[PDB]
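Below is one structure; the comments refer to it alone.
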Amino acid sequence: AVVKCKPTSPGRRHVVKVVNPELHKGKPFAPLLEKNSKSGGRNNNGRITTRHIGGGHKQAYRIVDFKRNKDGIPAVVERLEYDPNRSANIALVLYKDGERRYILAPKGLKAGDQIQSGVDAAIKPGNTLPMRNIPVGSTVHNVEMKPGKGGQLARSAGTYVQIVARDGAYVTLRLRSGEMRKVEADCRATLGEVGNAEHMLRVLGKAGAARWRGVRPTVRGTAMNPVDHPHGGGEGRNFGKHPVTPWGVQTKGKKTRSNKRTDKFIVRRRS
Amino acid sequence: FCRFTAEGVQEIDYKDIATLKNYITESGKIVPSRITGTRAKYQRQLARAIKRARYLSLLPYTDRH
Amino acid sequence: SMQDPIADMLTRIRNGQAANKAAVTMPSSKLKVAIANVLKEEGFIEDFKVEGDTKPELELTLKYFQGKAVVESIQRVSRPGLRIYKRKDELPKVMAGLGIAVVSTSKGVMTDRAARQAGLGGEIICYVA
Amino acid sequence: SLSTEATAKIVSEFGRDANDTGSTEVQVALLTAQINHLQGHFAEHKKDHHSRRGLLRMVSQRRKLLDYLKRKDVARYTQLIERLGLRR
Amino acid sequence: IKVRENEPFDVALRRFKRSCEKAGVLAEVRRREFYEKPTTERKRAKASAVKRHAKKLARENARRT
Amino acid sequence: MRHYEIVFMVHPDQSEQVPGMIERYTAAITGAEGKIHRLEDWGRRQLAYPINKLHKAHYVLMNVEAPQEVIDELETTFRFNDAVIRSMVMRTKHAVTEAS
RNA sequence: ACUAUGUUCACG
RNA sequence: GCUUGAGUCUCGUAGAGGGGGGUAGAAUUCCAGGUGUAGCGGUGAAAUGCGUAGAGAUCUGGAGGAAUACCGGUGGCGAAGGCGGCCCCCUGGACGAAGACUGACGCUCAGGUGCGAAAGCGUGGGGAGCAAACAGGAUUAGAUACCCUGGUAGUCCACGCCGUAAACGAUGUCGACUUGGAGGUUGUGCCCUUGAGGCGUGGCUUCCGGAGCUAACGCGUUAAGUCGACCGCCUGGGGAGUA
Ligand SMILES: [Mg+2]
Ligand SMILES: [Mg+2]
Ligand SMILES: [Mg+2]
Ligand SMILES: [Mg+2]
Ligand SMILES: [Mg+2]
Ligand SMILES: [Mg+2]
Ligand SMILES: [Mg+2]
Ligand SMILES: [Mg+2]
Ligand SMILES: [Mg+2]
Ligand SMILES: [Mg+2]
Ligand SMILES: [Mg+2]
Ligand SMILES: [Mg+2]
Ligand SMILES: [Mg+2]
Ligand SMILES: [Mg+2]
Ligand SMILES: [Mg+2]
Ligand SMILES: [Mg+2]
Ligand SMILES: [Mg+2]
Ligand SMILES: [Mg+2]
Ligand SMILES: [Mg+2]
Ligand SMILES: [Mg+2]
Ligand SMILES: [Mg+2]
Ligand SMILES: [Mg+2]
Ligand SMILES: [Mg+2]
Ligand SMILES: [Mg+2]
Ligand SMILES: [Mg+2]
Ligand SMILES: [Mg+2]
Ligand SMILES: [Mg+2]
Ligand SMILES: [Mg+2]
Ligand SMILES: [Mg+2]
Ligand SMILES: [Mg+2]
Ligand SMILES: [Mg+2]
Ligand SMILES: [Mg+2]
Ligand SMILES: [Mg+2]
Ligand SMILES: [Mg+2]
Ligand SMILES: [Mg+2]
Ligand SMILES: [Mg+2]
Ligand SMILES: [Mg+2]
Ligand SMILES: [Mg+2]
Ligand SMILES: [Mg+2]
Ligand SMILES: [Mg+2]
Ligand SMILES: [Mg+2]
Ligand SMILES: [Mg+2]
Ligand SMILES: [Mg+2]
Ligand SMILES: [Mg+2]
Ligand SMILES: [Mg+2]
Ligand SMILES: [Mg+2]
Ligand SMILES: [Mg+2]
Ligand SMILES: [Mg+2]
Ligand SMILES: [Mg+2]
Ligand SMILES: [Mg+2]
Ligand SMILES: [Mg+2]
Ligand SMILES: [Mg+2]
Ligand SMILES: [Mg+2]
Ligand SMILES: [Mg+2]
Ligand SMILES: [Mg+2]
Ligand SMILES: [Mg+2]
Ligand SMILES: [Mg+2]
Ligand SMILES: [Mg+2]
Ligand SMILES: [Mg+2]
Ligand SMILES: [Mg+2]
Ligand SMILES: [Mg+2]
Ligand SMILES: [Mg+2]
Ligand SMILES: [Mg+2]
Ligand SMILES: [Mg+2]
Ligand SMILES: [Mg+2]
Ligand SMILES: [Mg+2]
Ligand SMILES: [Mg+2]
Ligand SMILES: [Mg+2]
Ligand SMILES: [Mg+2]
Ligand SMILES: [Mg+2]
Ligand SMILES: [Mg+2]
Ligand SMILES: [Mg+2]
Ligand SMILES: [Mg+2]
Ligand SMILES: [Mg+2]
Ligand SMILES: [Mg+2]
Ligand SMILES: [Mg+2]
Ligand SMILES: [Mg+2]
Ligand SMILES: [Mg+2]
Ligand SMILES: [Mg+2]
Ligand SMILES: [Mg+2]
Ligand SMILES: [Mg+2]
Ligand SMILES: [Mg+2]
Ligand SMILES: [Mg+2]
Ligand SMILES: [Mg+2]
Ligand SMILES: [Mg+2]
Ligand SMILES: [Mg+2]
Ligand SMILES: [Mg+2]
Ligand SMILES: [Mg+2]
Ligand SMILES: [Mg+2]
Ligand SMILES: [Mg+2]
Ligand SMILES: [Mg+2]
Ligand SMILES: [Mg+2]
Ligand SMILES: [Mg+2]
Ligand SMILES: [Mg+2]
Ligand SMILES: [Mg+2]
Ligand SMILES: [Mg+2]
Ligand SMILES: [Mg+2]
Ligand SMILES: [Mg+2]
Ligand SMILES: [Mg+2]
Ligand SMILES: [Mg+2]
Ligand SMILES: [Mg+2]
Ligand SMILES: [Mg+2]
Ligand SMILES: [Mg+2]
Ligand SMILES: [Mg+2]
Ligand SMILES: [Mg+2]
Ligand SMILES: [Mg+2]
Ligand SMILES: [Mg+2]
Ligand SMILES: [Mg+2]
Ligand SMILES: [Mg+2]
Ligand SMILES: [Mg+2]
Ligand SMILES: [Mg+2]
Ligand SMILES: [Mg+2]
Ligand SMILES: [Mg+2]
Ligand SMILES: [Mg+2]
Ligand SMILES: [Mg+2]
Ligand SMILES: [Mg+2]
Ligand SMILES: [Mg+2]
Ligand SMILES: [Mg+2]
Ligand SMILES: [Mg+2]
Ligand SMILES: [Mg+2]
Ligand SMILES: [Mg+2]
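Protein chains in written order, with my numbering: chain A, 457 to 727; chain B, 41 to 105; chain C, 85 to 213; chain D, 4 to 91; chain E, 676 to 740; chain F, 53 to 152.
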């Protein structure tokens, strides 16, 4: 459920929690975990390339399986786990042979359900297939952009691609943006919708909730001096210049798409 | 004229279209009761059977297809 | 939903007389036979019976003198919503003593005229003009 | 909906025989049987307000029979509730 | 609707159209018929019908015509 | 438990498969208590209008008694199958015979 | 197609 | 104690009763392309608007969303609000048939609870058409309108809130009783189905009328007639269903 917290303190007042009752309460499966040290937004050169990131809670990386390499092998969903490295939840899948892997939990899924993947299989939520084999006009997620790769598109909580059309070797997909992209039919896609759709109704409530998610404070250009940001200076709340990034490029309606290579695949741009 | 027959009763079925095509006009529309007789009960069974026959493309919805 | 059976009897009589009807069937009772006989004894009704064993149906036979009916008017006084018990001296006289008021007294059901002389009052059931 | 076998099972157990099927003991059990079947229906659906009016008829109807049965006889009233699981 | 009229004829004669649709497509689904207004304007077309039909029985008056 | 009347239509080129299709749909139902009362393969009958831009669909009428689990499993095998162009599943009112 | 207004009390 | 009230059981019939999930066809809109050559659009009459960048018209393929032509009626169902393509899933009631059972278990109901059109409101979607606001063009003495071209909230779905309408038969709920006629609709029994018959007895329902009632209009076995039970409400108009 989406439970609103009672106003016992200012900072608590506005908090809205997404309390999933079906998640596991305990330590995760270690073999799939590994360390994930933080950058703080800095790179090779030790310089802030991405602003406003740094701090937060320490969090380990779960090796989630996007490829779904196991063909013609059934797999029982053992337990749904919380993932700090992701918007969506994950499911500890135990394959019939012996292996265990983490996968993104679709919407219709619980501890006990069985999933199969490969070439044949059945058309059901969670069952990964080649997009050729999937019926046209169906809800998919964890969609590959290249055959044999992991899975790029629709991985966030409540996110899903819809297969619009199927032109021979190619499949026209309508993405969550509204962009209609043409991908290869040999590429795979996990059926259904990505779970944890309540995620968006979470509201943090306090400053520190953003700080313990690893975000840092965003200072407005207008607040700065002219030397710092193009917006800057003025003796008491001035502006009078067109909105811009700290590096002068115009924000607020200014197309930065310039790939050129992959412009053939885009059937129609978003709107 | 009226219904099926004197000792008919029966039920208006969608599968048969020979006797059923009499009750629709040339355009494809269902003909009303005030033109073809029929009790209100059998007109409703008919109207349903036309719509089921239309789903299976046994009868047409119209004549602009 | 059928709270007063006695009022219902007196409507069937009243409406039967309006319709110019000969006989008036209804479900019987102890108090129904007592009132019906008092109406008969003075002379509003011309004979009655109580035909039935398991489910008795008391049918009256209404009286007519001219084209006009005999029972000019008949109404419930001591209805169940408001019971009306009158004292010996306070007993009414319907139409200045040429119509009767059926009164349930301690010595059985009787008319208002007989109640005065007998020396007792009671529940005044219905005025009959 | 209550099938033929479901009613006939309750009728030939609480009452005297399959012949007897109108007792307050029987009547209340048939309502309790349907009311408990309808809980699974109103678990989801929820917006089915028209069927709820048919249920709340059955509920109130059952209370009128039990309140009758209590005033009529305290012995068989208390014994019926222990078996059906009412009172709550 | 699909009217050929053999070969020597021409002169339109397509009452098939005029006694089937036209009024249904046009003076009905042209502008907004406010849900309630049909229930009003039908029930007055319906009340006006039996008004005439009941009068037609009592139309045989003296006349002297 | 319940009687039904399945009337599905199949694509022309896959009408050779229909003999095979019927044997699988019979085997699903005939095992679970209720028997099929009357089959009747209609044949490659003309369409009143073009469905999916084609004419002549291969009609098949089963008419069968089954529980709700088996019939809804058969209902899903029509949607997840490109060969079958449409179908409908009617209700009870006893078994029947003849009529076309 | 659009197309406004007629001061107050009275006389019957 | 009893059985006619009330309720249960059997068996069928009808129905846009309800909730959830599918899918069908016509159309509209936009999207891409073919054809094609000046208009189209609209109106009382015009103009704003779209069009030589090739529109309109016409064709082909696609995406969407919402609504279900004809059947469809003084037809049906629902307590009221209300409810219409077709199909399954679960589901409430209604009516009839002849029995068996229970044995007055009933009728009303202040407080109280539940549902309750449309418009609103919150949150997340969705958005073709339509369309408050808004803009432009006409109209006009003026035109914050009516008419025209655009067009956002809304209208659609999931989950809550709102709690009102000329929520109207302007007619409280239950029961008894009192001449008729013409229909519709759904039953069920008896003879010959001896040919789309008839002859009966139940529900729901539209219209016209008798006595009676009514200020009159009208109502009239579904009373506003004749009575009973209980509830709600009324007490001149404005102030005011306001403070
Ligand atoms: Mg490790
Ligand atoms: Mg890194
Ligand atoms: Mg380095
Ligand atoms: Mg270095
Ligand atoms: Mg940056
Ligand atoms: Mg940032
Ligand atoms: Mg992070
Ligand atoms: Mg910020
Ligand atoms: Mg800031
Ligand atoms: Mg900022
Ligand atoms: Mg500052
Ligand atoms: Mg400063
Ligand atoms: Mg700097
Ligand atoms: Mg600068
Ligand atoms: Mg300064
Ligand atoms: Mg300064
Ligand atoms: Mg400053
Ligand atoms: Mg200043
Ligand atoms: Mg300035
Ligand atoms: Mg700059
Ligand atoms: Mg006696
Ligand atoms: Mg007896
Ligand atoms: Mg006796
Ligand atoms: Mg308790
Ligand atoms: Mg409890
Ligand atoms: Mg208790
Ligand atoms: Mg408890
Ligand atoms: Mg209406
Ligand atoms: Mg003036
Ligand atoms: Mg007895
Ligand atoms: Mg009885
Ligand atoms: Mg009864
Ligand atoms: Mg029953
Ligand atoms: Mg039944
Ligand atoms: Mg039915
Ligand atoms: Mg039926
Ligand atoms: Mg229905
Ligand atoms: Mg329905
Ligand atoms: Mg429904
Ligand atoms: Mg829904
Ligand atoms: Mg529905
Ligand atoms: Mg279509
Ligand atoms: Mg558009
Ligand atoms: Mg073109
Ligand atoms: Mg050209
Ligand atoms: Mg001009
Ligand atoms: Mg011009
Ligand atoms: Mg031009
Ligand atoms: Mg050109
Ligand atoms: Mg064009
Ligand atoms: Mg065009
Ligand atoms: Mg769109
Ligand atoms: Mg109606
Ligand atoms: Mg009704
Ligand atoms: Mg009703
Ligand atoms: Mg319908
Ligand atoms: Mg629909
Ligand atoms: Mg049901
Ligand atoms: Mg019922
Ligand atoms: Mg008995
Ligand atoms: Mg007894
Ligand atoms: Mg007995
Ligand atoms: Mg009060
Ligand atoms: Mg109240
Ligand atoms: Mg409410
Ligand atoms: Mg609304
Ligand atoms: Mg809203
Ligand atoms: Mg707001
Ligand atoms: Mg909210
Ligand atoms: Mg949105
Ligand atoms: Mg919104
Ligand atoms: Mg939006
Ligand atoms: Mg829009
Ligand atoms: Mg949108
Ligand atoms: Mg418009
Ligand atoms: Mg307008
Ligand atoms: Mg506004
Ligand atoms: Mg303006
Ligand atoms: Mg003027
Ligand atoms: Mg001027
Ligand atoms: Mg002007
Ligand atoms: Mg203006
Ligand atoms: Mg204007
Ligand atoms: Mg607002
Ligand atoms: Mg819906
Ligand atoms: Mg909604
Ligand atoms: Mg509320
Ligand atoms: Mg009100
Ligand atoms: Mg209304
Ligand atoms: Mg009305
Ligand atoms: Mg009414
Ligand atoms: Mg009122
Ligand atoms: Mg009322
Ligand atoms: Mg009430
Ligand atoms: Mg009540
Ligand atoms: Mg009455
Ligand atoms: Mg009669
Ligand atoms: Mg009659
Ligand atoms: Mg009749
Ligand atoms: Mg009648
Ligand atoms: Mg006859
Ligand atoms: Mg009747
Ligand atoms: Mg009427
Ligand atoms: Mg009336
Ligand atoms: Mg009238
Ligand atoms: Mg009348
Ligand atoms: Mg009558
Ligand atoms: Mg009569
Ligand atoms: Mg009548
Ligand atoms: Mg009668
Ligand atoms: Mg009657
Ligand atoms: Mg009545
Ligand atoms: Mg009647
Ligand atoms: Mg009355
Ligand atoms: Mg009056
Ligand atoms: Mg009051
Ligand atoms: Mg008051
Ligand atoms: Mg006053
Ligand atoms: Mg008040
Ligand atoms: Mg108000
Ligand atoms: Mg107020």
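Here a beta-carbon is modelled for each residue, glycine too, at the ideal position from N, C-alpha and C.
By the neighbour-count criterion, in which a residue is buried when 16 or more other Cβ atoms sit within 10 angstroms of its Cβ, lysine 526 (chain A) is buried. Under the DSSP assignment, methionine 61 (chain D) falls in the alpha helix (DSSP H) whose first and last residues are 52 to 75.
Annotated as proximal: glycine 582 (chain A) and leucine 565 (chain A), with beta-carbon spacing under 7 Å. Excluding sequence positions up to five before and after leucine 34 (chain D), its CB lies within less than 6 Å of the CB of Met61 and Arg65, all in the same chain and listed in chain order.
Buried is the label assigned to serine 573 (chain A), since at least 16 other Cβ atoms lie within 10 Å of its Cβ.
Taking the Cα positions, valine 154 (chain C) is about 10 Å away from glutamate 130 (chain C).
Under the Cβ distance rule, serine 73 (chain B) does not count among the residues neighbouring chain E, no pair being separated by less than 7 Å. Contact annotation: the segment 670 to 684 of chain A does not touch the segment 624 to 637 of chain A, with fewer than three C-beta pairs closer than 8 Å. Per DSSP, the unbroken beta strand (DSSP E) holding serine 139 (chain F) starts and ends at 136 to 142. Contact annotation: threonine 109 (chain C) and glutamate 135 (chain C) have beta-carbon atoms that are not nearer than 7 Å.
Assigned with DSSP and collapsed to three states, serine 73 (chain B) falls in helix.
Under the three-state reduction of DSSP, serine 85 (chain C) is assigned to coil, being neither helix nor strand. Taking 7 Å as the CB threshold, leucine 99 (chain F) lines the interface with chain B. In the structure shown, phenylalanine 60 (chain F) falls within a strand segment according to DSSP collapsed to helix, strand and coil. DSSP places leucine 536 (chain A) in no alpha helix (DSSP H) but in the uninterrupted beta strand (DSSP E) bounded by 531 to 537.
Under the three-state reduction of DSSP, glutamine 572 (chain A) is assigned to coil, being neither helix nor strand. Rounded to whole angstroms, the gap between the alpha carbons of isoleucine 519 (chain A) and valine 549 (chain A) is 12 Å. In the three-state scheme derived from DSSP, where H, G and I count as helix and E and B as strand, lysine 81 (chain B) is classed as helix. Inter-segment contact for the segment 81 to 90 of chain B and the segment 44 to 57 of chain B is present: three or more beta-carbon pairs are separated by less than 8 Å. Under the three-state reduction of DSSP, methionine 680 (chain A) is assigned to coil, being neither helix nor strand.
In the structure shown, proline 487 (chain A) adopts helical secondary structure according to DSSP, grouped into three states. Taking 7 Å as the cut-off, the Cβ atoms of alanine 135 (chain F) and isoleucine 81 (chain F) do not count as close. Residues of chain B with a Cβ closer than 9 Å to the Cβ of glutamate 696 (chain E) are, in chain order, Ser67 and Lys69. By the neighbour-count criterion, in which 16 or more other beta carbons inside 10 Å mark a residue as buried, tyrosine 169 (chain C) falls on the exposed side. Here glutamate 716 (chain E) carries a helix assignment [DSSP, helix/strand/coil]. Taking 6 Å as the cut-off, one finds at least one heavy atom of ligand 6 near enough to the beta carbon of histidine 508 (chain A). Along the segment 88 to 99 of chain B, the positions whose C-beta sits under 9 Å from a C-beta of chain F are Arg92, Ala93, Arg94, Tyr95, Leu96, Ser97, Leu98 and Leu99, read in chain order. Using a Cβ-Cβ cut-off of 7 Å, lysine 61 (chain B) does not count as an interface residue toward chain F, since no Cβ of chain F sits closer than that to its own.
At a C-beta separation below 8 Å, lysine 677 (chain E) has these neighbours in chain B: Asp103. Contact residues of the segment 43 to 56 of chain B toward chain F are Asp53, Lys55 and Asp56 (C-beta to C-beta distance below 7 Å). In the three-state scheme derived from DSSP, where H, G and I count as helix and E and B as strand, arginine 200 (chain C) is classed as helix.
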